[PDB]
S.K.: 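Take this structure, written in structure tokens, and hold onto it; I'll ask about it next.
For reference, positions follow the sequence shown, starting with 1.
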Amino acid sequence: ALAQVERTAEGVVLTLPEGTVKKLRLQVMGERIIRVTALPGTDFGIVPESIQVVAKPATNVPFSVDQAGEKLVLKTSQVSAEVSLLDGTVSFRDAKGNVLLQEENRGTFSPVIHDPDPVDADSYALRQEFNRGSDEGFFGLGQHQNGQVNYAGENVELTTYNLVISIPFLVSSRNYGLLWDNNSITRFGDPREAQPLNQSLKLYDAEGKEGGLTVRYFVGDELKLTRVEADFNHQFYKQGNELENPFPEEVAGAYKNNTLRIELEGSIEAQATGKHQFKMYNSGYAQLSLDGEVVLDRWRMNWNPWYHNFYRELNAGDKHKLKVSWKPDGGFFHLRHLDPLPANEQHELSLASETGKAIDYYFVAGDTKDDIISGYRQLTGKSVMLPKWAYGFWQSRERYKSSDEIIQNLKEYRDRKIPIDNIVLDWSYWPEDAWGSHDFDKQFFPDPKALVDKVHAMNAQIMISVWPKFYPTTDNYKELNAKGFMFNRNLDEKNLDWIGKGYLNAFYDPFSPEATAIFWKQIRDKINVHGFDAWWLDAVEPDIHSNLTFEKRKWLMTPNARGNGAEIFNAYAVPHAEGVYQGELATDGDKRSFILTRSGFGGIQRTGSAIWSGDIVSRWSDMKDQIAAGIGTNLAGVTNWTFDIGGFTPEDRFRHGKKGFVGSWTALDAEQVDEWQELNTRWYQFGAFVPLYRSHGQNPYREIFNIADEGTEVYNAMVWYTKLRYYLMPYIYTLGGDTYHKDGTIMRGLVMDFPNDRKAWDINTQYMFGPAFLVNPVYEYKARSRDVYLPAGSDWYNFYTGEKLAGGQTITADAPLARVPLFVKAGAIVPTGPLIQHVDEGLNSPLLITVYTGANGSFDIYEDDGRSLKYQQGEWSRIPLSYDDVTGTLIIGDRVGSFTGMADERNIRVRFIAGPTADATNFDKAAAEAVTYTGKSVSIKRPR
Ligand SMILES: *[C@@H]1O[C@H](F)[C@@H](O)[C@H](O)[C@H]1O
Ligand SMILES: [Cl-]
Ligand SMILES: [Cl-]
Ligand SMILES: [Cl-]
Ligand SMILES: [Cl-]
Ligand code: NI
């Protein structure tokens with residue numbers, strides 16, 4: 001009873017005679033890429049046009065189809081897929097006959113359970129399982145906030161949130177990755193949503209007596225009520241600002257005035273054995289203790305809570321002591337958990353989605369992780385070049401309040417000769433009762449074009465905040481609405497925002513290009529006309545009303561152009577940013593646009609956008625977590641990424657003192673100054689080594705000169721790392737060029753460059769910044785050193801001192817306040833330029849080429865005009881650098897390419913580092929051999 005085979009031009013289509021899956025289509029997408037579509041029906045046409053994939057089946061890719069017995073082989077020069085004619089399961093082999101990925105079953109289709117709205121009869125909950133009992137690593141998946149780099153054996157929920165951005169591209173430690181092309185909420189590992197604490201556990205209160213947990217309510221230190229609760233849950237608002245479950249009547253007042261405190265106490269007993277996951281979702285100060293030990297200490301701003309996870313081994317029957325402390329300060333809280341899966345699934349690959357019409361994924365083969373990302377780029381679109389100024393320093397604030405305030409702070413950087421390219425105008429520049437009109441309050445921003453012109457005249461660019469949000473009072477709302485493009489259920493719910501008495505508001509519907517075209521014409525007419533340089537597309541999750549349930553959030557986007565809110569929950573930002581990008585293209589066909597946006601999904605990089613992690617807090621745990629967040633995003637195939645240096649929201653201890661509202665650090669209560677300055681110093685260090693370097697957030701003010709005084713150690717350290725960023729621009733912008741021309745990745749998990757080192761795989765507090773720099777952020781208050789693992793098979797130089805160390809060891813790296821531990825890989829060729837104040841100053845600049853000896857090297861410096869689209873017609877250049885360590889020779893090869901404004905002649909000096917040197921970072925004054933390069937190859941011998 002074998003399956004029937006139909007040879008298509010793109011591959012094959014099996015018609016299985018058994019089971020739920022009726023048809024199984026394979027499509028050759030490229031030399032290294034095969035699409036798999038498992039359909040519970042006969043009409044593939046029911047499958048929605050991809051939002052991620054812009055790639056269509058290849059036409060010029062040789063492939064062969066051989067059939068024998070009960071196995072079908074379809075292969076290219078690089079990938080081999082063996083399908084069973086019995087059950088329809090696919091097995092992927094490399095070009096040398098090794099099992100990369102094997103499907104377990106044909107996939108589990110279930111009824112949709114998480115769509116609050118009416119469900120298409122041909123929609124299902126999807127699940128697919130692969131590689132049971134593997135030992136492989138798993139990476140990518142997007143920007144997540146639980147410290148995971150190697151996801152293997154654990155859970156990730158690919159939902160969309162302020163702080164979370166799912167990109168369903170999974171990369172293995174083996175030579176493949178895959179794109180799971182589903183727009184709805186998706187889960188890695190455990191299929192189930194994390195449940196209430198009492199759904200897979202037995203609960204005992206303080207009295208030891210079975211039941212629920214002991215829930216004490218405190219006002220101040222005064223106990224005001226004790227009682228036992230099953231599922232303690234104040235996770236969401238139902239409407240407006242009203243909790244879903246209100247607080248006991250007798251402390252309800254304390255909640256609203258921040259005097260409320262709470263404790264939970266009891267014992268948990270799992271009925272099953274194995275690894276359990278736990279999630280403490282919260283705002284305010286929360287602290288969880290288990291077995292007498294603290295497991296979680298977290299604070300998050302009240303309006304932006306999130307989950308804090310940890311796994312732990314449990315034996316059934318075993319009771320364990322649980323203690324929790326929650327000072328809500330008006331925030332939220334729930335406690336969730338999941339018991340272990342069936343043991344045979346304990347170590348498998350599992351992806352599930354909430355709604356879809358078919359299991360649809362793309363197998364991507366690649367000999368290196370860069371090769372694998374490259375497949376992702378080809379499916380979902382090339383990461384289009386950002387303007388060169390985007391890799392310079394960005395200064396933002398929530399918020400500047402006038403044209404004057406912006407020009408003043410920019411001028412202050414220039415006066416202090418501290419480099420900066422970009423300043424940002426955040427929300428609330430419009431008349432307060434016209435959010436969405438895109439007008440400029442005449443009191444504070446009387447002449448926008450003059451303000452942009454003053455920024456430009458100071459050789460900076462300016463970016464501006466634009467939401468998908470409209471008040472129904474405004475004409476722009478009315479215009480979108482008459483075409484049916486407004487999501488109106490938030491108006492019905494009467495959900496007012498947080499501005500003034502509070503306004504009625506709705507978000508538009510970007511899932512139709514007729515809609516995004518209007519959105520774009522609106523901002524074109526109102527904002528673009530004054531010459532702003534970039535768009536800060538905030539709130540694109542969307543976050544229509546903060547803190548409603550995710551079902552409400554789903555419900556609110558129904559109906560959109562693509563069905564329900566649930567069917568497209570992760571995808572909002574792509575079409576939204578696409579419209580802005582496409583309009584800009586239509587407007588100026590020779591200027592690079594830039595978008596910064598707070599959400600994404602597969603393909604976002606095709607809109608010339610960078611993403612950031614949104615509203616993180618000014619905590620150390622958060623800074624640390626940002627490392628895994630950026631890693632996971634780059635390894636998901638989206639490299640242009642950043643965060644708010646210093647965190648979006650500090651605690652109250654920082655925002656407000658005895659001297660009132662804290663702007664400058666001078667207004668801080670004395671006892672806080674130290675941590676505010678150290679947290680910012682450490683974060684600026686980290687910031688200069690992520691793809692985009694950007695300071696932003698709520699008060700205190702975040703300019704370097706508002707964090708500390710001139711001359712102080714911390715001021716000088718922050719200025720030093722900013723300068724270093726610009727010294728490094730020839731290196732950095734090369735990475736920038738590479739994102740497009742070489743499908744490159746800037747912020748690299750260690751698996752990309754040391755894939756054969758299992759111990760590197762798991763590391764979540766270090767990463768490669770480009771090919772040369774091993775970056776190791778200090779993430780602990782008052783730490784003056786940190787463990788650093790030096791990966792095996794390479795030697796390493798201390799960037800600051802020149803000391804050479806061997807890899808394959810962990811060291812205790814010196815980390816004084818002023819320096820983040822930084823190491824260069826033996827063989828790096830690092831180009832630097834002169835000190836500059838903004839990127840254009842350094843065009844055609846003199847170069848210092850620094851060769852870190854001990855291994856061969858290779859680095860081709862990428863240059864172009866930095867602003868135009870001419871690079872797409874070939875207007876760019878590469879200056880090839882090649883180092884041979886045996887002969888000790890650096891070859892500066894023949895220049896490749898050319899572009900308008902490129903200097904034919906370049907002054908280049910070359911130096912070699914081989915050990916300790918006082919000039920390790922003294923770029924201007926270092927001894928080095930000088931060369932007048934004219935595009936012709938020239939060799940420089942290392943000194944004897
Ligand atoms: C969206 O809201 C504001 F506009 C901005 O300051 C914040 O950083 C972002 O989350
Ligand atoms: Cl200038
Ligand atoms: Cl200048
Ligand atoms: Cl200048
Ligand atoms: Cl200048
Ligand atoms: Ni200048």
Side-chain angles (χ1 to χ4, degrees), residues 51 143 160-167 381 383-384 386-387 390 394 396 398-399 422-430 435-438 461-470 476 480 485 487 505-513 515-528 532-544 546 557 568 570-587 592-615 633 638 640-644 648 691-692 694 696:
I51 288 165
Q143 165 201 286
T160 291
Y161 190 67
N162 197 309
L163 306 179
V164 174
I165 298 184
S166 322
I167 298 174
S383 180
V384 310
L386 303 185
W394 290 81
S396 178
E398 194 288 280
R399 75 191 164 93
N422 322 122
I423 191 149
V424 185
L425 175 64
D426 196 355
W427 58 12
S428 307
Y429 52 85
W430 49 80
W435 199 319
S437 84
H438 304 322
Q461 289 63 221
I462 172 175
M463 173 163 68
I464 181 163
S465 187
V466 184
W467 287 46
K469 163 173 175 164
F470 300 84
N476 282 348
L480 290 162
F485 296 151
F487 295 124
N505 63 94
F507 282 48
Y508 96 114
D509 181 356
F511 301 100
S512 180
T516 69
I518 296 181
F519 185 85
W520 164 251
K521 185 191 194 292
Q522 282 168 1
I523 62 172
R524 186 203 61 167
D525 285 348
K526 271 309 206 313
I527 292 166
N528 193 73
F532 289 86
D533 289 284
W535 314 92
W536 187 10
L537 303 177
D538 207 353
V540 292
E541 288 69 21
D543 206 18
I544 287 180
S546 293
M557 295 179 302
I568 51 77
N570 286 338
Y572 195 103
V574 175
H576 178 62
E578 200 136 50
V580 176
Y581 176 79
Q582 297 298 347
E584 279 283 22
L585 274 186
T587 299
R592 301 190 201 168
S593 57
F594 177 75
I595 289 154
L596 181 64
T597 179
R598 199 178 59 171
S599 196
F601 197 57
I604 192 50
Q605 77 287 345
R606 91 178 159 253
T607 64
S609 321
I611 55 186
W612 95 107
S613 43
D615 294 341
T633 301
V638 180
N640 294 123
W641 174 91
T642 182
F643 51 55
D644 289 349
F648 184 74
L692 278 64
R694 161 175 163 291
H696 175 72

S.K.: To the nearest 0.5 Å, how far apart are CG in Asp525 and CG in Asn476?
M.R.: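 Rounded to the nearest 0.5 Å, the CG-CG separation comes to 8.5 Å.
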
S.K.: Could you check whether the rings of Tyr508 and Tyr572 sit parallel, tilted or perpendicular, using 30° and 60° as the cut-offs?
M.R.: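 Because their plane-to-plane angle is over 60°, the rings of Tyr508 and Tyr572 count as perpendicular.
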
S.K.: Would you check if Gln582 and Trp520 make a side-chain contact, meaning some heavy-atom pair closer than 4.5 Å?
M.R.: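 A side-chain contact is absent here, since even the closest heavy-atom pair is not under 4.5 Å.
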
S.K.: I want to check something: taking the side chain as every heavy atom from C-beta on, are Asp644 and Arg694 in contact at a cut-off of under 4.5 Å?
M.R.: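 Touching, per the 4.5 Å side-chain cut-off.
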
S.K.: Taking atom CH2 of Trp535 and atom CG of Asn528, what is their separation to the nearest 0.5 Å?
M.R.: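 Nearest 0.5 Å value for the CH2-CG distance: 4.5 Å.
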
S.K.: If you compare all heavy atoms of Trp394 against all heavy atoms of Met463, which two are closest, and at what distance to 0.1 Å?
M.R.: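 Shortest heavy-atom contact: CZ3-CE, 3.5 Å.
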
S.K.: For the pair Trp536 and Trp427, evaluate side chain to side chain contact (heavy atoms under 4.5 Å, CB included) and give the outcome as yes or no after the intermediate values.
M.R.: CA-CA 10 Å; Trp536 187 10; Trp427 58 12; over 6 Å; no

S.K.: By the salt bridge (charged side-chain N to carboxylate O under 4.0 Å, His left out) test, which pairs, at least two apart or in different chains, include something from residues 599-614?
M.R.: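 Output for this query lists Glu578-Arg606.
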
S.K.: What is the distance from atom OG of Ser546 to atom CG of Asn162, rounded to the nearest 0.5 Å?
M.R.: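 If I round to the nearest 0.5 Å, the distance is 7.5 Å.
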
S.K.: Which residues pass the side chain to side chain contact (heavy atoms under 4.5 Å, CB included) test with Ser613, not counting sequence neighbours?
M.R.: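 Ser613: side chain to side chain contact (heavy atoms under 4.5 Å, CB included) contacts with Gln143, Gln145, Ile616, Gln626, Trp641, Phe643.
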
S.K.: Taking side-chain hydrogen bond (donor to acceptor under 3.5 Å, both in side chains) as the test, write out the residues that go with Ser396, two or more places apart.
M.R.: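 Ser396 satisfies side-chain hydrogen bond (donor to acceptor under 3.5 Å, both in side chains) with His696 only.
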
S.K.: Rounded at 0.5 Å granularity, tell me how far CH2 in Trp612 sits from CG in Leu596.
M.R.: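 One gets 5.5 Å once the value is rounded to the nearest 0.5 Å.
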
S.K.: Under the ring pair (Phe, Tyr, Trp, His ring centres under 6.0 Å) test, which residues partner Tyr429, sequence neighbours left out?
M.R.: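 For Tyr429 the ring pair (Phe, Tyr, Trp, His ring centres under 6.0 Å) partners, ignoring immediate neighbours, are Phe440.
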
S.K.: Could you state the interatomic distance from CD1 (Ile544) to CG (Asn505), rounded to the nearest 0.5 Å?
M.R.: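 Rounded to the nearest 0.5 Å, the CD1-CG separation comes to 8.0 Å.
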
S.K.: Looking at side-chain heavy atoms only, is the closest gap between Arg399 and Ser428 below 4.5 Å?
M.R.: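 The answer is yes; the side chains approach within 4.5 Å.
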
S.K.: Within a strict 4.5 Å, meaning less than it, do heavy atoms of the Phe470 and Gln522 side chains meet?
M.R.: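 Result yes, sub-4.5 Å side-chain heavy-atom pair found.
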
S.K.: Can you sort out the partners of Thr607 under side-chain hydrogen bond (donor to acceptor under 3.5 Å, both in side chains), two or more places apart, ordered by chain and number?
M.R.: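 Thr607 satisfies side-chain hydrogen bond (donor to acceptor under 3.5 Å, both in side chains) with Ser609 only.
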
S.K.: Kindly give the heavy-atom pair with the smallest separation between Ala573 and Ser599, and that separation in Å.
M.R.: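 Between these two residues, the closest heavy atoms are CB-O, 3.3 Å.
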
S.K.: If every non-hydrogen atom of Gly608 is compared with every non-hydrogen atom of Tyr581, which pair is closest and at what distance?
M.R.: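 Closest heavy-atom pair between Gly608 and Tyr581: N-CD1, 4.2 Å.
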
S.K.: Search all heavy atoms of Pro468 against all heavy atoms of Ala539 and return the closest pair with its distance.
M.R.: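 Taking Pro468 first and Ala539 second, the nearest heavy atoms are CG-O, 3.6 Å.
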
S.K.: Rounded to the nearest 0.5 Å, how far apart are CG of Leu480 and NZ of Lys521?
M.R.: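 The NZ atom of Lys521 is 12.0 Å from CG of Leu480, to the nearest 0.5 Å.
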
S.K.: What pairs with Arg598 under salt bridge (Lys or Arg N to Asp or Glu O under 4.0 Å), at least two apart in sequence or on another chain?
M.R.: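 Here the qualifying residues are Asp538, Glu541, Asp615.
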
S.K.: Over 60° means perpendicular and under 30° means parallel, so tell me whether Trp430 and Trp435 are parallel, tilted or perpendicular.
M.R.: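 Correct class here is tilted.
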
S.K.: Considering non-hydrogen atoms only, spot the tightest contact between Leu692 and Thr642 and give its length.
M.R.: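 Result for this residue pair: O-OG1, 2.9 Å.
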
S.K.: Taking atom NZ of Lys526 as the centre, does the number of heavy atoms from other residues, nucleotides or ligands within less than 6.0 Å exceed 12?
M.R.: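 Atom NZ in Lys526 is crowded, with more than 12 foreign heavy atoms closer than 6.0 Å.
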
S.K.: Within the structure provided, determine whether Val466 and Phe519 are in side-chain contact (heavy-atom separation under 4.5 Å).
M.R.: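 They are in contact (side-chain heavy atoms under 4.5 Å apart), so the answer is yes.
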
S.K.: State which residue, out of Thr597, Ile51, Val540, fulfils the side chain to side chain contact (heavy atoms under 4.5 Å, CB included) condition with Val574.
M.R.: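 The option that passes is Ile51.
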
